[PDB]
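**Q** Residue numbers (the authors' numbering), protein chains in the order written: chain A, 1 to 382; chain B, 287 to 334; chain C, 1 to 46; chain D, 343 to 423; chain E, 394 to 439. Just dropping this structure here.
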């Protein structure tokens, strides 16, 4: 028998569903969403990190003119300075007074830190929704993990589960995302080869193993100080170091619907948005006949204590007259009231105690124990 | 506090006063009959 | 639960107060004023 | 937070204005005004009809008075002197 | 919920008001017609 119901997409809230197969004793199933995962498909555009300005020893050509050559290196800078006369501890480095030149050269590459400290630029598209559902089935808790697309059939203890499709296709992730360790950011990052100096992407590497990198750091070599061997330069500071302090709060803190954001893989967990349809194909095993189930008569309901809250603040005592001993399903026929108990044992002229949850100050509800209904009158307090 | 359910529910209540003297002390005697749902302690109070 | 009542300012008289918290069994509290002291602030002149 | 009922009579009726959406009460007021106009038009028509009845007997000569009371408030007061 | 024009209102109470209306405009319309009928009777009488 296929039982179809719809629960709100809210984690940590147990929901009671009444399964009523004609000619079979009612069945109460408790369902609770343990987790709802929205995992987008990622395509790595590039990685960024702190850059390193590689500056070798300057070529001080004594009594001659040095020559700069075009080297295919990122942010390659070369300048030959005339009229230099550098000094070392023991005096002048060059024999000549005039006609000495200093060739200053520099290039940009990934820092040694790039393997440890880095941010990844991803293109995020069409997320696959997954759900972990706890079902109180036959007095035992069963866990069902399925894609919430309304197609992925998962069978646990002969009961076939079809979860979804999700009423909301909403995702906290935009088309372009940036990932740093355990933090995810929605960022329209610059494309590869379009990075600006002192900003996110001043250095861009397609993969973390990539030998060739893109660099735009505004590296400009300056004339060395009088009688000094050094390579002075002007350059825009690390864009990655700048982004690390300018990034702001990550998606875990800014995302709507109380989204929890996790990495490895990048996913949105427990986004409380819309509802989730549930299809359960319950086997004939757990489907007793009405004749084989106890018959209940002379039913009365008393509510000695009630508090209208989010939890089971209500207590109800139901008296009955059962034809035989057996298990009966307990279910609320009013949607404004929910019962904690899914199944109780009945025997002759006895009474049962149930726990109920309601938001109403004056709760008038019907309780179906097996195939018989009983009216409950409750005055619930704040 | 004790919840009503934790306590007893009273029905079919009747009151009889076999002896009374209006004075500063407790000069009145009252016998109250009841039907309690369960055993327990109940608070006694005059609504007048 | 805050129970508010008013008793006459008379010592040696036990008063009964009914505490009725909704959804909770009634509670009877006996209250008796043992003493009421009015102590003025004194300033010695001489 | 609420254990109060709905309305009774109109009171609460106006409280709902806070729920649903913006448009609501003004439209109802307009409808009420239209109803009042219908009521006023009916009365005006009724008065004209009352004239139509007192017509004929508007010339002269005995003959009500008479049916002028019972007589839709004029009728009389009208017959007399 | 489920439809359009914001439904609100009241069984009983609701009926109390509804029962009034439909009720006076129709009355004065009928009375108007009856007055016309009598007028025609007078016209015929003359």
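We put the beta carbon where it would ideally sit given N, CA and C, even for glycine.
Classify residue 242/A as helix, strand or coil using the three-state DSSP reduction.
**A** Three-state result, residue 242/A: helix.
**Q** Are the beta-carbon atoms belonging to residue 365/A and residue 333/A less than 8 Å from one another?
**A** In this structure, residue 333/A lies closer than 8 Å to residue 365/A by Cβ.
**Q** Let me see if you follow: with CB-CB separation under 8 Å, is residue 362/A close to chain D or not?
**A** Residue 362/A counts as touching chain D.
**Q** Grouping DSSP H, G and I as helix and E and B as strand, with all else coil, what is residue 40/A?
**A** Three-state result, residue 40/A: strand.
**Q** Using 8 Å as the Cβ pair cut-off and three pairs as the minimum, do the segment 299-309 of chain B and the segment 346-356 of chain A touch?
**A** Segments in contact, no.
**Q** I need the boundaries of the alpha helix (DSSP H) containing residue 429/E, first residue and last residue.
**A** Its alpha helix (DSSP H) spans residues 418-438.
**Q** So residue 364/A is in the beta strand (DSSP E); what residue range does that whole segment cover?
**A** Residues 362-369.
**Q** Let's see if you can read the secondary structure: which residues bound the beta strand (DSSP E) around residue 276/A?
**A** It spans 275-281 - the beta strand (DSSP E) in which residue 276/A sits, taken as one unbroken run.
**Q** Quick one: what's got a C-beta closer than 7 Å to residue 361/A's C-beta in the same chain, skipping five residues either side?
**A** Here the set comprises 308, 380.
**Q** Please classify residue 402/D as buried or exposed, where buried requires at least 16 other C-beta atoms within 10 Å of its C-beta.
**A** Residue 402/D should be labelled exposed.
**Q** How big is the Cα-Cα spacing for residue 376/D and residue 335/A?
**A** So the alpha carbons of these two residues sit roughly 40 Å apart.
**Q** Counting contacts by CB-CB distance shorter than 8 Å, is residue 22/C in contact with chain A?
**A** Judged by the 8 Å Cβ criterion, residue 22/C is in contact with chain A.
**Q** Have a look at residue 209/A and residue 108/A and give me their C-alpha separation to the nearest angstrom.
**A** Going by the C-alpha atoms only, they are around 16 Å apart.
**Q** Just grab the DSSP bridge partners of residue 87/A for me.
**A** 92/A.
**Q** In the DSSP assignment, the alpha helix (DSSP H) including residue 376/D goes from what residue to what residue?
**A** Residues 367-396.
**Q** Could you say if the segment 147-164 of chain A and the segment 212-225 of chain A meet the contact criterion of at least three C-beta pairs nearer than 8 Å?
**A** These segments do not touch.
**Q** Would you call the segment 285-296 of chain A and the segment 316-329 of chain A in contact, with 3 or more CB pairs under 8 Å?
**A** Contact between the segment 285-296 of chain A and the segment 316-329 of chain A is present, because at least three Cβ pairs lie under 8 Å.
**Q** My output table needs one value for residue 407/E: the three-state DSSP class, helix, strand or coil.
**A** Looking at residue 407/E - three-state DSSP - the assignment turns out to be helix.
**Q** Measuring only the C-alpha atoms, how far is residue 395/D from residue 428/E?
**A** Taking the straight line from one Cα to the other gives about 7 Å.
**Q** Return helix, strand or coil for residue 253/A, following the three-state DSSP convention.
**A** Residue 253/A falls in the helix class under three-state DSSP.
**Q** Is the CB of residue 394/D under 8 Å away from at least one CB in chain E?
**A** Yes, because at least one Cβ of chain E sits closer than 8 Å to the Cβ of residue 394/D.
**Q** Rank 21/C, 13/C, 2/C, 9/C by C-alpha distance to the C-alpha of residue 32/C and give the top, closest one.
**A** Nearest C-alpha to residue 32/C: 13/C.
**Q** Would you report the Cα separation of residue 233/A and residue 220/A, rounded to the nearest angstrom?
**A** Cα to Cα, residue 233/A sits roughly 6 Å from residue 220/A.
**Q** Got a sec? Which residues, its chain only, sit under 7 Å from residue 38/A by beta carbon, not counting five neighbours each side?
**A** Hits under 7 Å: 127, 129, 171, 267, 268, 271.
**Q** Where do the ends of the beta strand (DSSP E) carrying residue 308/A lie?
**A** Run containing residue 308/A: none; DSSP gives neither H nor E here.
**Q** The beta strand (DSSP E) that contains residue 401/D, what's its start and end?
**A** Here residue 401/D belongs to no beta strand (DSSP E), and DSSP marks it neither H nor E.
**Q** Whose CA, out of 79/A, 74/A, 288/A, 134/A, lies closest to the CA of residue 16/A?
**A** It is 134/A whose Cα lies nearest to the Cα of residue 16/A.
**Q** Could you please give me the residues that DSSP links to residue 63/A through a beta bridge?
**A** Per DSSP, none; premise fails for residue 63/A.
**Q** If distances are taken between C-alpha atoms only, which option among 2/A, 96/A, 164/A, 11/A comes closest to residue 258/A?
**A** Answer by Cα proximity: 11/A.
**Q** If the cut is a Cβ gap below 8 Å, which residues of chain B does residue 27/C touch?
**A** Those are 287, 329, listed as they occur along chain B.
**Q** How close, in whole Å, do the beta carbons of residue 132/A and residue 279/A come, if the pair is a contact with beta carbons under 8 Å?
**A** Not confirmed; about 17 Å, so no contact.
**Q** Going by DSSP, what residue range makes up the beta strand (DSSP E) through residue 381/A?
**A** Taken as a continuous stretch (DSSP letters only), residue 381/A belongs to no beta strand (DSSP E), as it is neither H nor E.
**Q** Against chain C, with Cβ distances strictly below 8 Å, would residue 336/A count as a contact?
**A** No, its Cβ sits nowhere closer than 8 Å to a Cβ of chain C.
**Q** Which first and last residues belong to the alpha helix (DSSP H) in which residue 107/A is found?
**A** Note, residue 107/A: premise wrong, no alpha helix (DSSP H); beta strand (DSSP E) at 101-110.
**Q** Closest to residue 198/A by C-alpha separation, out of 235/A, 207/A, 40/A, would be which residue?
**A** Nearest C-alpha to residue 198/A: 235/A.
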